[PDB]
Amino acid sequence: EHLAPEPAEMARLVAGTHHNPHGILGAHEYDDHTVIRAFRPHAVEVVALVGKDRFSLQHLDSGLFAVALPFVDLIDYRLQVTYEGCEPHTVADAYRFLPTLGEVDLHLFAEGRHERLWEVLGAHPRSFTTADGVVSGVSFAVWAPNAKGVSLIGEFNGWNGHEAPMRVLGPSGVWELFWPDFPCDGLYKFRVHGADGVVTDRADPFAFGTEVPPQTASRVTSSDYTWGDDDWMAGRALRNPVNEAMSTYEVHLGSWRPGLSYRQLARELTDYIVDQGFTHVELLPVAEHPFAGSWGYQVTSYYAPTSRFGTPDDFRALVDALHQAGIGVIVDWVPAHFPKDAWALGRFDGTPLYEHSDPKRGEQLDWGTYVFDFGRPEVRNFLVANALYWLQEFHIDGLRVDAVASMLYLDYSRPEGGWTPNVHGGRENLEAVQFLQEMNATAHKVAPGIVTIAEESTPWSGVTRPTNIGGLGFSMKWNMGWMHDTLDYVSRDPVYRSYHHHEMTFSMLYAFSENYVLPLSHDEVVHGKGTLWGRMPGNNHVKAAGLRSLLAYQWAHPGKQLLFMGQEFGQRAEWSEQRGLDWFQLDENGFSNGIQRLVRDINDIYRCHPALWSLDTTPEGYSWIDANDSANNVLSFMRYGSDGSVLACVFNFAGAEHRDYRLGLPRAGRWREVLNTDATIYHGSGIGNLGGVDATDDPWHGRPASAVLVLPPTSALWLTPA
């Protein structure tokens, strides 16, 4: 009776709903005689090979085969399946191998505290030395607690095989399987039989490699890449970004220069950034995403760089090249977005596994909007380990998390009938908060010197406050208020700016309540908002002057900077990832070359003048010269470095020049004019002070000394003591 399993088991094995294939398949001893079974539908001949005896052959059931035959122990053997049109092939029996995942790793995962989860889950090539020699293949592991079964499918199965069922490892919910001689770079998917009876073919949540979109299969990927950035990595651990220079060039890899691969970008993008003077590059989501129109935010393979531009190692070469050129690399990380594709993460095991669940069928306030269940240990681990993954496996220097507000709040609908303030269970998602704190604390602990950046649109405070005192633990946050007030102000015609002077200086009131990055990102130059150039008032010459002023203002204002590709040369039309950037503008007889030149100059002054970045987070690094000259639309202030250095910045937002303008200063003597956005080299009108001014001992604006100078119209002047 112990030759062919019972009908119930046999039915499950053929329907792919057996939880423990290895219990039936492989070699099993009943009383004495060792029985060997192999499941391979549409097979013609199996036969087992023991030592030097072909002593076997099998042939019963509806796809199953059994050897039976006496003698015990056996100790290693090999099968030789055969089909029509093809020749036999001797392969080791997968179901004879022990689990390729230890109890310890599973325990850490169950607790949601495995810091190197990527080495445990997913597809990893492995080799075992048995009796008849060493056997190589690939180990597979997927988390799916409520699935009735998971089978491995791929090119070898015609993407519809059944002879590769996986087993679940106890109550862990993790399915495992070692497939002898599976291709080192083979494509594959996990056919999942959900708890709801629905079968789905899934990409691997831990895919380290992927098929090029629109294809959706995962690809086994193992790296042995040799990095040439040891110096950069060792240096990074000894610095604190918050107190260092940070001029960021935000880039979307697919549309910066359409058609470039990672290897080409490793040359072109690196050289571009170096020549423009940026200290860092911030990349829009690099993880695999099926739709380019999402710009990368709708990720499906969190553990794999998009294959559109090359292989993972090719991506490492891009990061490696930037590092050797002295450029830091920040990547947009998307824990706030949840994959909606049926072959991705939604209802993975037939239940809302990864996404936060809610009440069952019925009316009430139950909607969709898929968000990760930060309350679940394994889901939290999936995300926290992914952050660590990119920082350690790809040497990424920082992570920027968008839409954090959508993570911190469960909110919806404004109640009626309840006119009383009720706390208890506020709108705050305590699970998400705990998740962000863990992610930050763990990341900064494992990779000192990296930065985590958050974009939070709500009045939430302590975003960049240490986790040990209630903060979310982020190194920095986007100053959205500065961006909105600044762009609203510069968009208004000069004759009206006086009415919004207070709007322009409002950001200074809380500029030190957090470690800020002043941003002018991709989101502000799409969907009818127009570009920075489009927002500027006046003719081409005045728009250009206004843009050069804005950028100078962004750089001088307390906080780090971030500028989206194309805007450094005043791209006129809104960004389009489908058309690419408007580089032709640099070939026109326009102002674009002049704006790009200004950015190079402010970046150059910036990097070499600690007064612009050493004291960004404290009032000590700033000082108003005159915050109340709304009558002339002029803003002036000092920036101070931790090395005692200084820089005076004067912005003239009026459309006309101001001659004989007296500016109060800290010291007397000669002040060198290090920047004048009206200089003819930028294609301004050339109004200036001839390189510098002499500050006399005539007190002004409550200052001990002052100097008389001309302020070019719609411009910015920066000065430093000679």
Cβ-placed point charges (K, R +1; D, E -1), dipole of the chain about Cα centre in debye, nearest 20 | 1540 debye
Would you order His424, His500, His289 from fewest to most other beta-carbon atoms within 10 Å of each residue's own beta-carbon?
-> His424, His500, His289
What angle, in degrees between 0 and 90 and rounded to the nearest 10, separates the Cα long axis of helix 480-491 from the longest principal axis of the Cα atoms of the chain?
-> 50 degrees
Residues of the range 680-722 with amide N under 11 Å of a point placed 7 Å along Cα→Cβ from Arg667 | 720-722
Please name which of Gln567, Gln364, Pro466 has its Cα lying farthest along the dipole of the chain towards the positive end, using unit charges on Cβ (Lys, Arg +1; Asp, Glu -1) and the Cα centre as origin.
-> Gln567
At what distance in nm do the modelled label points of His541 and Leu586 sit from each other, each positioned 7 Å from its Cα along Cα→Cβ?
-> 2.6 nm
Computed magnitude of the charge dipole of the range 253-339 (debye, nearest 20; Cβ of K, R +1, Cβ of D, E -1) | 140 debye
How much length is gained on full extension from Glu428 to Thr618, taking 0.36 nm per residue of separation minus their Cα-Cα distance?
-> 65.5 nm
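Can you show me the helix-derived [θ] at 222 nm for the chain, built from DSSP H runs with n ≥ 4 at -39,500 (n - 2.57) apiece and divided by the number of residues, rounded to the nearest 500. List each step's numbers first, then the result.
Working: 14 runs with 149 residues, N = 722.
Estimated from H runs of four or more residues: -6000 deg cm²/dmol.
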Take the Cα pairs of the range 203-265, get the Kirkwood Rh, then feed it into Stokes-Einstein at 37 °C and 0.692 mPa s and tell me D in µm²/s.
-> 207 µm²/s
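Treating only the Cβ atoms of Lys and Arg (+1) and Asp and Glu (-1) as charged, compute the dipole magnitude of the range 558-614 about its Cα centre; round to the nearest 20 debye.
240 debye
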Determine the gain in length on full extension of the stretch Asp224-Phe71; use 0.36 nm per residue of separation and subtract their C-alpha separation, reporting nm with one decimal.
-> 50.6 nm
Treat the count of other C-beta atoms within 10 Å as a stand-in for reagent exposure and order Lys52, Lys148 from fewest to most.
-> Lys52, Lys148
For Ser498 and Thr680, what does the FRET efficiency come to when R0 = 25 Å and r is the distance between their Cβ atoms, rounded to the nearest 0.05?
-> 0.30
P(r) of the range 619-722 over all Cα-Cα pairs, 10 Å bins starting at 0, rounded to whole percent, reads 16, 51, 30, 3
Can you tell me the 0 to 90 degree angle between the C-alpha axis of helix 592-608 and the longest principal axis of the chain, rounded to 10?
-> 90 degrees
Can you list the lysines whose alpha carbon is less than 27 Å from that of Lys529, not counting same-chain residues fewer than 8 positions off?
-> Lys477, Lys543, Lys560
Classify the range 425-560 as rounded, prolate or oblate, taking a ≥ b ≥ c as the square roots of the eigenvalues of its Cα gyration tensor: rounded when a/c is under 1.5, otherwise prolate if a/b is larger than b/c and oblate if not.
-> prolate
Efficiency of FRET from Cβ geometry, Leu60 and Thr129, R₀ 35 Å, rounded to 0.05 = 0.60
Please give the residues of the range 304-337, grouped as numeric ranges, whose backbone N is less than 15 Å from a label point set 7 Å along the Cα-to-Cβ vector of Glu574.
-> none
Give, as a single signed number, the net charge of other residues whose beta carbon lies under 12 Å from the beta carbon of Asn479, with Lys and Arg counted +1 and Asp and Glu -1.
-> -3
Note: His701 to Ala631 extended length (0.36 nm per residue) minus current alpha-carbon separation gives 23.7 nm
Where does each of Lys543, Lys560 land when they are ranked from fewest to most other beta-carbon atoms within 10 angstrom?
-> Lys543, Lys560
Give the long-range amide H neighbours of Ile625: residues separated by 5 or more places, or on another chain, with amide H under 5 Å away, using H modelled in the peptide plane at 1.01 Å from N.
-> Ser636, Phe637, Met638
Would you give the gap between the C-alpha center of the range 336-401 and the C-alpha center of the range 110-159, rounded to a whole Å?
-> 22 Å
Put +1 on the Cβ of every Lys and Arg and -1 on every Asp and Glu Cβ in the chain; which of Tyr77, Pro241, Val91 then has its Cα farthest towards the positive end of the dipole?
-> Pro241
Cα convex hull of the range 127-184: how many Å³ per residue?
-> 100 Å³
Assuming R0 = 25 Å, can you tell me the calculated FRET efficiency for the pair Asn240 and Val104, based on Cβ-Cβ distance, to the nearest 0.05?
-> 0.10
Extreme residue, positive dipole direction of the chain, given options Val710, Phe156, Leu635 (C-beta unit charges) | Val710
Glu244: net charge of surrounding residues, Cβ under 11 Å, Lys/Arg +1, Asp/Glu -1, itself excluded?
-> +3
Modelled label-to-label distance, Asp604 and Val198, 7 Å Cα→beta-carbon offset: nm?
-> 6.0 nm
Roughly what angle does helix 540-556 make with the longest principal axis of the chain, taking Cα atoms, 0 to 90 degrees, to the nearest 10?
-> 70 degrees
Cα gyration tensor shape of the chain, rounded if a/c is under 1.5, else prolate or oblate by comparing a/b with b/c = prolate
Determine the equivalent ellipsoid of the range 223-618 by diagonalising the alpha-carbon gyration tensor, then write out the semi-axes as square roots of 5 times the eigenvalues, largest first, rounded to whole Å.
-> 33, 27, 22
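Reconstructed Cβ throughout: ideal geometry from the backbone, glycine too, with neighbour counts over all protein chains shown. Read the figures in this text as sums done on the coordinates, not as results from a lab.
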